[PDB]
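**Q** This one is an experimental structure. Sequence first:
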Amino acid sequence: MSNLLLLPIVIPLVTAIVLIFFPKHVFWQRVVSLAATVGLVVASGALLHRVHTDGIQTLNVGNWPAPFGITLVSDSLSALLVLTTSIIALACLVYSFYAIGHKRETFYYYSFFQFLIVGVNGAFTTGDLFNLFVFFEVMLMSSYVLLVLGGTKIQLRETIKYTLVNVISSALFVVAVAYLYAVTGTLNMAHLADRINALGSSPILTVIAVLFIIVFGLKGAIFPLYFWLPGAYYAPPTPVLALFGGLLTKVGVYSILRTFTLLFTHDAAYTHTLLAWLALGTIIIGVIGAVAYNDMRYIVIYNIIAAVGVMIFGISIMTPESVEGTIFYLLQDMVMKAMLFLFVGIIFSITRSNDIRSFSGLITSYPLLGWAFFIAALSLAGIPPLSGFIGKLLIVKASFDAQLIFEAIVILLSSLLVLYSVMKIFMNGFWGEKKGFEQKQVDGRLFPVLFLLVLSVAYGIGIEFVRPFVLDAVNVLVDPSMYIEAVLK
Amino acid sequence: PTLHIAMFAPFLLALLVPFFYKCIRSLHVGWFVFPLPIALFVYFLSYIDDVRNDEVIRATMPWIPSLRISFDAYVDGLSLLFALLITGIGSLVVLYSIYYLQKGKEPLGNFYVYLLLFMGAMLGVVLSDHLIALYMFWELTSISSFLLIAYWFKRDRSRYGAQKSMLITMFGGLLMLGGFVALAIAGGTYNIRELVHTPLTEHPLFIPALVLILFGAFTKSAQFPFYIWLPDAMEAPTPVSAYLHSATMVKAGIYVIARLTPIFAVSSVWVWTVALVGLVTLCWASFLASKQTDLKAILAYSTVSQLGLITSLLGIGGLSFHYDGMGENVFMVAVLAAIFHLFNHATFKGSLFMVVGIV
Amino acid sequence: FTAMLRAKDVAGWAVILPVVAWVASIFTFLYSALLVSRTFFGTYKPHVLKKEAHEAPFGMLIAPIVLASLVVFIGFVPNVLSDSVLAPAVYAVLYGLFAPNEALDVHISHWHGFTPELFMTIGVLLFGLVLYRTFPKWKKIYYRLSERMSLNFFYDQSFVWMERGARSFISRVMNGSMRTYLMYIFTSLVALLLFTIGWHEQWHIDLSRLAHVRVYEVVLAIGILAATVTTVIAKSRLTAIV
Amino acid sequence: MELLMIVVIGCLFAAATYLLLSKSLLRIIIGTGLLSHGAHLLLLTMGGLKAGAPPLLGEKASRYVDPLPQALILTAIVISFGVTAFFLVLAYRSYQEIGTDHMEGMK
Ligand SMILES: CCCCCCCCCCCCCCCCCCCC(=O)O[C@H](COC(=O)CCCCCCCCCCCCCC)COP(=O)(O)OCCN
Ligand SMILES: [K+]
Ligand SMILES: [K+]
């Protein structure tokens, strides 16, 4: 009944536990993890219909009242993010069936997979800051182990780097929770939102808001906190990397969004102009890195950084059109970056090389993959029949409506430069004469990528279907009175 | 409404092309492409009686009704002139491409898929009344022409030309989108026929919308200094060169300028920018066209020169809106001149490319 | 030329505008003449060319015949296609402006009448004729002045500059050493927090919450300060561990 | 009393930051440990340090020490111990297979 909200959290968790007992039986690992992921997709869809039909769903974990225990809250935005996580997890799992070798999946691979999706699913639905902390470390610990698993030299080095950075950012989130507990005295989202709005004219709240910006920007890479991510994502294998690029950097964006639409509303000018300048710097760094490299993984990494910058610039305006645009761009960009990493993995499987200058002539031997990558690139750029159009369209419209001409022109030129990067991949890799590769029949792993591509195209066609969920999400984000009257009854 | 199945019929036939291509190995696939532009051309002859006695044709297909977005279609004299041009020269280019290309040496299904996508996109550009739909069809035009320029992907210079044309036209299209959005905020609505009946000069977003729309329209039609991509798009097949760079894509910015002239020509920035850059690229391309040593570069600079002539006449026709001294009303002549030479240019320019392809 | 000559009557500097357009027509005639006069005239070369018979098939020739026939038809008959198609195009481009509509109609029906633009076209013809015959004489000057200003040079070097600047940026700031990135993150943290504190005024320092200090915490604080100091200045690593 | 705790956790933060910016990896993990101690003592300090009974209802005293920050600290301690043990075994693996300790030399 009312425990439906925990079904995105409880279903993978139990599954991870029962995958501990039989490591050497890889067939039953695959069968149990596949069946539980399909059930996760069904339960998340039922949760999304539940939060659409009647109101926002709140569940006290114990039978304890709203300030004094842990509350789990699913609004429409968290349900959309959970369903998107479920789809990305299913596609990455089937690619993991075809891609990960035998030795890496005898050693507890699918358990770590399920713990990572536990961490992200729990992070999208929570009502406490410290519970959100605990879910961040579940997510980060599973990401550490998935990064290091296999034990070659490269992933050892960049696991050291990635672990160091996330330890420092975890300690900074601890000290932020400490400062905010000293000021407010509570720990759940709704009641400390009420307490911040009772003393909203104090400067220490602005200082702690900037500290949360720094923490969540260390989580999801903002300029000038992005510096760990190129080597750290150049390290892991391909389905692990698709999980990382699809899920890890976007929960920091959700935390920034929830933080500045719920907690910190008074004295908005300073925090929003800081978010505007950090977002512009993030977009500039992303497009410079996308132009600079002739390496596929680095190109997709800097497209992640650029898209995070566009979403943060959409957050930095408190208008419902900008919030609607960044929600659309958020969902499609999660799906699209997971898709592009799976494409890069298939192309590396064919070419035995990652250098764009080394190989040419793939359309003459792999036509379906080539035109799938072509449609994926044009959907990444923002061409209007495809997925990523209505989001940046609403962002540009809301920036022109608030008299930000130069920033909208930066957004459009960034769209141009990210199109140039992925089409550089398409034109130098696929077109040309045949010199670089050897004829190798691909199998199986192409189909989750095609499934993600078909869902992205159907997303771009059916904006009118997917929109009223986003309308209820916007109606609860620009009005947190419904949030604080749903929890505090 | 019978025109909903006219705008979206080249896309459906472009879906159905490779079926006929690899299931009918005897007959050349271009014949199966051949009746549809003919049919569209005959259908576009059916509206001339309704447009001479000042009646227009309106149609609506809603796409995102809550964000207030539709595929609208508004048919008047300018859109009929362009649509008749597109369909007539399209059928003639399809016939010339049947007799031009080969069967067992050329991938033909790709050729007619790309060409028919381009034809449907251009018919969508002309007939559209919604700004976002116009931008959608604009972008589809750019992508399909990008595919058509690089038809031989195993040669380097085709890929260089396709890359350069892609970057220039996408730059213009994105700034065109920005101008469309600023104009749609400046007015209350998104449809072009309701932006005419409302005042727009008392608004801060009027001048940036003017400059961005004007920038994109100059970028598409190979004006100064953005004429650079068109002499390197001459590595296409000769029917592609004829059709695209004679009658359809190089006149899209001309259509946008002439379509939004009843809105933006009340200011002087529009009319003098259009007139001066038209004269500059007219003289510059007319100077540069005599240096070349092959036929297609000469015809490319020729195309740039006559497009500059047409848009300078469009600028003087924008000057027509302010005042005419004591009922002289001479500036309107310029409009007619532009449209006449517009029609005129398309016809002979197509024939010239066909001629050089033969030889 | 009729539209351009009647447009200089509103501004003085616009008198510059038609004559410049006039020499454009001169340039126009040149390449067009040169086109035909270096495509079909001259002599046949029986050594470099391919075929003994160059008779083209008729199906290739169908569509240029139809286009040239439409050219000739709107040449000799300009009235019916104008009155059918070109007039509502002008009523569309100039919307909301036609309070009368008969002046446009009697200008469409106008074809002849002695215009001053007629001898302008005659001068275009004569000057193009006297310019084309001497074209191998001013050929090198024209080639070097055409080399003197182009625009693919600027665009190609602009893309080389952009890719080289982005590559040198990522070779500068992305060194790979973890110490440097930690320096950047720590400096950014310090700068944002200190500027956020300094921008405000930080009123109401209330020391009434503070608890009474006691001796045991003082002695233990001195102890862990001693352990902190001996773990930052330790020469060996076992000393820092203990 | 809280002022003395603030200055000593600030000295822990300065020491941890100076050890993280060093050239050897074991110094970096020692700085991680010192940063964890500083964060946990900061949680305890900002919770409040006024004198009362330990958090046990068997003692029937009038006022107690705040129960929440102690539970938060204990959660953070076991999480930090898990991450610290993982990162120490990771450093052991890097010493075994790569063969160096210099953090700047890791390229
Ligand atoms: C006072 C503490 C109160 C609480 C009680 C805690 C007791 C346990 C503390 C941790 C114990 C860890 C044991 C690890 C093994 C130690 C023995 C083997 C290593 C060893 O001898 O290393 C030498 C020890 O450092 C040295 O020889 C210099 C060490 C100096 C340590 C100073 C610590 C600061 C204390 C300040 C007061 C704190 C008050 C707190 C109440 C380094 O020397 P090497 O390289 O020559 O090795 C000679 C190689 N053959
Ligand atoms: K900690
Ligand atoms: K501790």
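**A** Sure thing, it's come through. Numbers count the residues shown, from 1 in each chain, chains lettered A, B, ... in the order given. Ligands and ions are numbered 1, 2, ... in the order given.

**Q** The chain: strands as residue ranges?
**A** With no chain named, the answer covers chain A. Assigned by DSSP state E, the strands in chain A fall at A:57-60, A:71-74.

**Q** what comes up buried for stretch A:478-485?
**A** Using 16 or more other Cβ atoms under 10 Å in any protein chain shown as the test for burial, stretch A:478-485 gives A:480, A:483-484. (Each C-beta comes from the backbone N, C-alpha and C, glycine too.)

**Q** Tell me the one of these nearest residue B:304?
**A** Set against residue B:304, the nearest of those by Cβ to Cβ is residue A:480 (57.3 Å).

**Q** rewinding a little: wait, which of the strands of chain A is closest to ligand 2?
**A** Nearest of those to ligand 2, taken as Cβ to the ion: strand A:71-74 at 24.0 Å.

**Q** hmm, that closest one in reach of chain D?
**A** No - using Cβ under 8 Å from any Cβ of the partner chain, strand A:71-74 never reaches chain D; the gap is at least 15.7 Å.

**Q** Mind giving me the packing neighbours of that strand?
**A** When contacts are defined as 3 or more Cβ pairs under 8 Å, 6 or more residues apart in numbering or on different chains; DSSP states H and E, strand A:71-74 sits against strand A:57-60, helix A:481-487.

**Q** ok now that strand, how far from the chain's centre?
**A** Centre-to-centre, strand A:71-74 and its host chain are 20 Å apart (Cα atoms, centre = their mean, to the nearest Å).

**Q** cool, stretch D:27-47 as well?
**A** 3 Å.

**Q** hmm, it in reach of ligand 1?
**A** No - remark: stretch D:27-47 sits outside contact range of ligand 1, by Cβ under 6 Å from any ligand atom, the gap being at least 12.4 Å.

**Q** Wondering if that stretch reaches ligand 2 at all.
**A** Yes - Stretch D:27-47 reaches ligand 2 (Cβ under 5 Å from the ion) through D:36, D:39.

**Q** ok, back up a step: would you mind putting the strands of chain A into TSV with mean neighbour count alongside?
**A** Formatted as TSV, the strands of chain A follow (neighbours: other Cβ atoms under 10 Å in any protein chain shown):
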stretch	mean neighbour count
strand A:57-60	18
strand A:71-74	23
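
**Q** Tabulate the ones you listed (TSV), appending distance to residue B:91.
**A** Formatted as TSV, these follow (distance: least, Cβ to Cβ, whole Å):
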stretch	distance to residue B:91
strand A:57-60	60
strand A:71-74	58
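
**Q** Now tabulate the ones you listed in CSV and tack on distance to ligand 1.
**A** Output for these, formatted as CSV (distance: least, Cβ to the nearest ligand atom, whole Å):
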stretch, distance to ligand 1
strand A:57-60, 43
strand A:71-74, 41
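
**Q** what's the neighbour count on the residue of the stretch 251-400 of chain A found nearest chain C?
**A** Residue nearest to chain C within the stretch 251-400 of chain A (Cβ to the nearest Cβ): residue A:292, separated by 4.1 Å. Residue A:292 is flanked by 23 other residues according to other Cβ atoms under 10 Å in any protein chain shown.

**Q** Not counting its neighbours along the chain, what's nearest it?
**A** Nearest residue to residue A:292 in three dimensions, chain neighbours excluded: residue C:166, at 4.1 Å (Cβ to Cβ, 6 or more residues apart in numbering or on different chains).

**Q** next one: residue B:187
**A** Closest residue in space to residue B:187, ignoring its immediate chain neighbours: residue B:195 at 4.5 Å, by Cβ to Cβ, 6+ apart.

**Q** pretty sure that neighbour contacts residue B:183?
**A** Yes - with contact defined as Cβ atoms under 8 Å, residue B:195 and residue B:183 form a contacting pair (7.0 Å).

**Q** residues bridging contact with the two, i.e. touching both?
**A** The contact sets of residue B:195 and residue B:183 overlap at residue B:263 (Cβ atoms under 8 Å, 6 or more residues apart in numbering or on different chains).

**Q** Identify the nearest residue to the residue in chain B that chain D sits nearest to in space, disregarding sequence-adjacent positions?
**A** Closest contact between chain B and chain D, by Cβ to the nearest Cβ, is at residue B:163 (34.5 Å). Leaving aside its sequence neighbours, residue B:163 sits nearest to residue A:427 (Cβ to Cβ, 6+ apart; 6.2 Å).

**Q** wait, what's in contact with that neighbour?
**A** By Cβ under 8 Å, 6+ apart, the contact list for residue A:427 reads B:159, B:162-163.

**Q** Cheers, nothing more for now.
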